[PDB]
Every structure is written in structure tokens, then in C-alpha cells.
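Remarks on the structure that follows.
Only the coordinates and a few stated rules stand behind these numbers; no lab work does. Backbone-built Cβ (ideal geometry, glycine too); neighbour counts: all protein chains shown.
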Amino acid sequence: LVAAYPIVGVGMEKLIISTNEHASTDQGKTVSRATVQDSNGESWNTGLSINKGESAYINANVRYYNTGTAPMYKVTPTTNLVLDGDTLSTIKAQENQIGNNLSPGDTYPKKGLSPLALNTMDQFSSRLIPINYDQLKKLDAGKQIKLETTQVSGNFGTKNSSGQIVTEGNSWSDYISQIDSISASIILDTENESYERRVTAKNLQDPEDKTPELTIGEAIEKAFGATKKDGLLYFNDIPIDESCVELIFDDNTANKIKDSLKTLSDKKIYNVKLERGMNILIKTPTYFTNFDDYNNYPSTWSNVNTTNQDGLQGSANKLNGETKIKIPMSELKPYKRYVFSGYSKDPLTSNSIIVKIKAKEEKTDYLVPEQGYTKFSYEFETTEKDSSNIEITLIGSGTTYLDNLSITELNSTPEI
Amino acid sequence: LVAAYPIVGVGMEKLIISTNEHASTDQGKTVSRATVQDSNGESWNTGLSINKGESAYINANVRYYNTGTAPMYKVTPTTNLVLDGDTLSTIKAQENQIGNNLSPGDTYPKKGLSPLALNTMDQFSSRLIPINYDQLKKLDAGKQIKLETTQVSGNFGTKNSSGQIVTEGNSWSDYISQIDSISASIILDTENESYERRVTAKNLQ
């Protein structure tokens, strides 16, 4: 029920420009004699010119990488060069920039090597790619470009009766669209890697089809090789729960799950029936706070108490006091919108000091709804390499701990 | 339990550069007479120029060599020219630089010969490979380049019922990745030689 569907992305490393300028230097010596009179002269001729029409050549440094569950033989992408809300050229790479092999979970070329270069737009490798003069002025005035993937073309492998395989005329292109008509797209993002899978779905409109269906918790169990450990789900001894990760929905999927939850009797987003067209992100968190064990924390909290520190639904202490952790910015990445999220309890008042500079130094009271558990989450911006700490502090009157709290990445967020 | 898997590497021997410079020399003689007065002049015109956009052509000296347990018919590598933490061009060699045969434990060309040359980037052998001016200044300021292998493409051999073999459409490329999914890579290095083998393994999962 998982379909082999290899994803390709193109990554930018460096950009080199080059100017088509034209220089010259001439020296002349003249002498004349006439009958008495004479003359002698020394002439210099410096010359510099540039003629528009192919006025600036360029070259780019790229590297291919795979993600998914297939190889991809003879991969060939296409790139679309933007400069400033616009386009400049569109290149399908020639024979010299073909990507030969690509194992799943890998890059091309191999890791201990240098990147790939591309410079021409013709079908045979001639005629270096030009940039006209106004784009050159926009470039030197301070504006920079990026890269963009649009499609790839590659071939799979299949063995005949003869005992070998053949890779010719077997395009992966005409197996793209069919899969994206039937499947749901689930992506995972951990701290170093990312994985994109398509899992098959079940249409409820027409009754003739018989496709076996499941739920999103079982879907993440089946797509990734996930081990059910004691009710939790674990992926390479990394916990993935309905509570220990951060889920991201787009608006149509969010609305479908949200209005489908009300007829359901359980308030879990792991037991919802899977639908046809979805995009579900699951991001792992950076720093976890299970007070029992597995707490990747540099310093340890204050006024803690171990009575059923199981995480959610059993955090079992209601007293007064203070918790505080100071952390410098040196360990974490700068200039990234970090998101801090945890859960609730039954106190009456609690307040949260998040004193991080260049960011939300607003501190608010808790506004606890009831003894039942609800999440809470705030956003902030990371500064640049300061031992001046971010210091989380929670003062409470009616609780000392609730055993779920974390901070996580929320990437694709730089500042300058 | 040992899989035939020939390794190819590219070795650098020498690098030649060449400048696209443009020289000229002119001589003129003038004489004039008018009614009494006269004049006579001798003019020289030295000229030297260079225009960027294909300002420095180059050529490289390479030689192929095998290591492993297979031949490799019609070998064709790709090279990736770095200069200083960067890249300058990427060439899959044309028809004139194909490597024809390669026995295991051998080099191409044979040992009592001179190396191979390559100079062009086009698909048909034209348009010598250019280097722009800043790289030329980095070169003459004292920085040197190297070579790099990324992939090769070659063909194996198989005999049919007809009693001969055929080498066409039988790529070694689509037998690369499968072997590197199942095998362990063991290499030996002695004082003159080196040997790279892949031996098949057993999954315990």
C-alpha cells in the first residue's frame, strides 16, 4: 500500500558570473625629417569596449539528491532561473549534466566530493548562457538569485525472463500523475533528514471499489517502518506520538479533519479516518521534557516532583512554586522562528518568562480553562550568537509540573 | 559470493594552458612635396589586445586504469574540474576520448606509452574549453587544480546461443546500485597495488 515514488530536489551551492569586456593597448612611434626641420612623436592608445547582446555569461553549482523509496536511473531535472519576481532562463540539462545513479536517501555526486557545474543553454554543449545589462545592474546593486525544480525525467528497472534487467523506454514520468490522483502525501522532518511518502487511500464516493483502508496513526505506522512500543510509536528509537511531535496541516486538510472530528468520539488526531487528498507534515521537536527520562536538556528544572510523570493525562502535582532554565543561544541555530509548545493543568494562575531578545519578550498569564489538557504555543525569532541567555521561567500557583513541553524548529524561516 | 564490479579511476599527469592573445605590427612610409617644401615620415604601429569571453584555453593529460574483477568494454568517464573550493566545468568525454578496452588490473593506454589528451567541451569535437580571467589570475598567483571521478559508463559481455558475444545495450550502470545495496566493501593496499572488492552479506532483520 506504499508506492515507490522517488522525489528529486536541486540544491544551490555557488553562483559565478563573468563579464564579456574587451580591452586593447597600442603604442606608436613616429619620426619625420625635412629640408632644416625634424619631428618625433610617441603615441598611446588605450581601448576598452563592451557590446550588448551576450554581455554577461554565468555558471551555476548544483548537486542532486534523492528522498523516497526508489532508485532513479539517468535522472535529468529542469531548472528555472529567477532574479527578482521574474524569470531569466529555463534549462533542461544536456548530456554532460545527466545524473547517472541515485540511491534512495542519497545525493549525487557522493558525499566526499565537490559539486556539479552547468553553464550552457544549447542542446549540444555550446553557447554559454547570457544575462543582459539591466539584470547585471540589479545584481551589482545588491540583488541575488535562487534555483527551482519543476520536473525530472528518469528510468526505473525491470527484469525480464532473460535474467537481467533493462532500463530503456521505461519512463517514470507516466507514472507520476496516477499516483498523485489516488494517494495522500505524508512528510516527516527530523533534525537532519526528511522523508516524503505517498500512501494509498480509499474513496468513499463510489461503492464499486474495494480498497483496504486505515487511519492516520496506522498510516504512519505502515508508511515508515514504525515499531509499536507499548502504545507509543518509535522510529529508530525516536518517539513519535500524537503529543510528542508537531503536526502541520494545510487549510483544506485542516478543515476536513476539523469538521470530521466532531462526529468522532475521541479527541485524538491519530484515530481519524484517512481521506484522499491530504498534505500532512510531521516535524520532530528539538528539546523534549519528559520528566521521567529522555530529556535532552542542558540544565535541569527547579521545584520538580515525581508523582506519575508519564507525560500527558497523568501529570499529577498541584502545588505552588517556580521552574526556571537558562540556555545560551550558542547551541542552537541563529535567525530561525522557533516555536515553544506544551500543555495545561489545573492551576489558577501561572506566568511564563521567555526573555529572548530580538523576539517576543511579552509575558502573559496562563488563563487555564479546566483540569482537562490543552496545548499552548508561542513563536519567537532567534538572535545571532549571544551568550546572553534565553531564560524560560514558569511561576505557578496551583501546579508544579505538567510533563509535556518542548521547543521545535519551524524551518523555512530565515531573517537576513 | 563475490560480485564482478570493476572500479575505474582517473589519474592526472600534466596540465597545459594557453592564452588567446592578439598581436600586430604595422609599418608606414609617407612622403609629400609642395611648391619649395617637402616632408618625409616613417610610422610604426605596435598592437596588442585580448578580449574576454573565451580568454584562456586549456587541455589535460589523463590515463584510465582498472581495479577489480571484470573487463569494461567502451569505458567512458566523467570529470569535474575544480580550482579553489569550486568548480569550473564538467565533461563527459566525447567519441575521440572513449576508452576502448580495460582488462582487470591494468591501465589504458598500455604501460609503455604516453598519456591521453582532452581539450573540448562540445558533443562533437569543437569549441576548446575556456577559463575566464579571474581563474587565470588565481592560477598565475600560485594556485593549482586537480581531477575528480564521478561516474563511468561501460558495457559487459555475454554470449548468446549463436556462439559469439554481443556488447550492445548492456550497460554496467544499472547493475551498480543493486550491488551496493547488498554488499560489504573491502579494500587492500599493498606497496604497489590496490584491490577493491565487494562481498555479499546476510541481512539479519
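Among the residues of segment A:274-292, those identified as of a type outside the set (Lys, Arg) and assigned to a loop (DSSP other than H, G, I, E, B) are A:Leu274, A:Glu275, A:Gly277, A:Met278, A:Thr284, A:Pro285, A:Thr286, A:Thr289, A:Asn290, A:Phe291, A:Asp292. Of the strands (runs of 3 or more DSSP E) lying entirely inside segment B:98-205, those containing at least 1 residues that are within 11 Å of chain A (Cβ to nearest Cβ) are B:149-155.
If you go through segment B:68-105 and pick out every residue that is surrounded by fewer than 18 Cβ atoms within 10 Å (Cβ to Cβ), among the β-branched types (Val, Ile, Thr) and within 25 Å of A:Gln94 (Cα to Cα), you end up with 2. Residue-level check: of (1) more than 18 Å from A:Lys14 (Cα to Cα); (2) crowded, with 20+ Cβ neighbours inside 10 Å; (3) within 21 Å of the chain's Cα centre (by Cα), A:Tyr108 misses just (1).
Per this entry, A:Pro347 is counted among residues that are more than 25 Å from A:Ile238 (Cβ to Cβ) and either out of contact with any strand residue (DSSP E or B) (no Cβ under 9 Å at 6 or more places or on another chain) or of a type outside the set (A, V, I, L, M) (or both).
Are any of the residues in segment A:221-244 assigned to a loop (DSSP other than H, G, I, E, B) and under 19 Å from A:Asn411 (Cβ atoms)? Yes, segment A:221-244 contains a residue that is assigned to a loop (DSSP other than H, G, I, E, B) and under 19 Å from A:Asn411 (Cβ atoms).
Taking each residue of segment B:79-90 that is facing chain A (nearest Cβ under 7 Å) and looking for partners that are outside any loop (DSSP other than H, G, I, E, B) and of a type in the set (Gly, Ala, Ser) with beta-carbon atoms closer than 9 Å, six or more apart or interchain, yields B:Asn80/A:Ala117; B:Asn80/B:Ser89; B:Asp86/A:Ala117; B:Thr87/A:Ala117; B:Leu88/A:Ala117; B:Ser89/A:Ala117; B:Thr90/A:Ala117.
Among the residues of segment A:64-78, is there at least one that is in contact with a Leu (Cβ under 9 Å, 6 or more places away or on another chain), closer than 25 Å to A:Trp172 by Cβ, part of a helix (DSSP H, G or I) and of a type in the set (S, T, N, Q)? No. Under 21 Å from the mean Cα position of the chain (by Cα), surrounded by 15 or more Cβ atoms within 10 Å (Cβ to Cβ) and more than 10 Å from chain A (Cβ to nearest Cβ) - does that describe any residue in segment B:36-54? There is no residue in segment B:36-54 that is under 21 Å from the mean Cα position of the chain (by Cα), surrounded by 15 or more Cβ atoms within 10 Å (Cβ to Cβ) and more than 10 Å from chain A (Cβ to nearest Cβ). Of the strands (runs of 3 or more DSSP E) entirely within segment A:327-416, those holding at least 3 residues that are not β-branched (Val, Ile, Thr) occupy A:338-342, A:349-354, A:376-380, A:390-397. Among residues that are surrounded by 17 or more Cβ atoms within 10 Å (Cβ to Cβ), in contact with a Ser or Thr (Cβ under 6 Å, 6 or more places away or on another chain) and either part of a strand (DSSP E or B) or facing another protein chain (nearest Cβ under 10 Å) (or both), B:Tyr57 is included.
Taking the conditions (1) in contact with a strand residue (DSSP E or B) (Cβ under 6 Å, 6 or more places away or on another chain); (2) surrounded by 17 or more Cβ atoms within 10 Å (Cβ to Cβ) in turn, B:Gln123 satisfies each one other than (1).
Filtering segment A:1-20 to residues that are outside any strand (DSSP E or B), buried (at least 16 other Cβ atoms within 10 Å of the Cβ) and either more than 7 Å from chain B (Cβ to nearest Cβ) or of a type in the set (D, E, K, R) (or both) leaves A:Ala3, A:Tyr5, A:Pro6. For A:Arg33, state whether it is within 7 Å of chain B (Cβ to nearest Cβ) and among the basic types (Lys, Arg). Answer is yes for this residue. Hey, can you tell me all the residues within segment A:386-416 that are out of contact with any strand residue (DSSP E or B) (no Cβ under 8 Å at 6 or more places or on another chain) and surrounded by 11 or more Cβ atoms within 10 Å (Cβ to Cβ)? Answer for segment A:386-416, where residues must be out of contact with any strand residue (DSSP E or B) (no Cβ under 8 Å at 6 or more places or on another chain) and surrounded by 11 or more Cβ atoms within 10 Å (Cβ to Cβ): A:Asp386, A:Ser388, A:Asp403, A:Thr413, A:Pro414, A:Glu415. Is there a residue being surrounded by 15 or more Cβ atoms within 10 Å (Cβ to Cβ) and over 24 Å from the mean Cα position of the chain (by Cα) anywhere in segment A:137-146? Checking segment A:137-146: at least one residue is surrounded by 15 or more Cβ atoms within 10 Å (Cβ to Cβ) and over 24 Å from the mean Cα position of the chain (by Cα).
Of the numbered criteria (1) in contact with a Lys or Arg (Cβ under 9 Å, 6 or more places away or on another chain); (2) acidic (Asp, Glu); (3) over 23 Å from B:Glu54 (Cβ atoms), the one B:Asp86 fails is (3).
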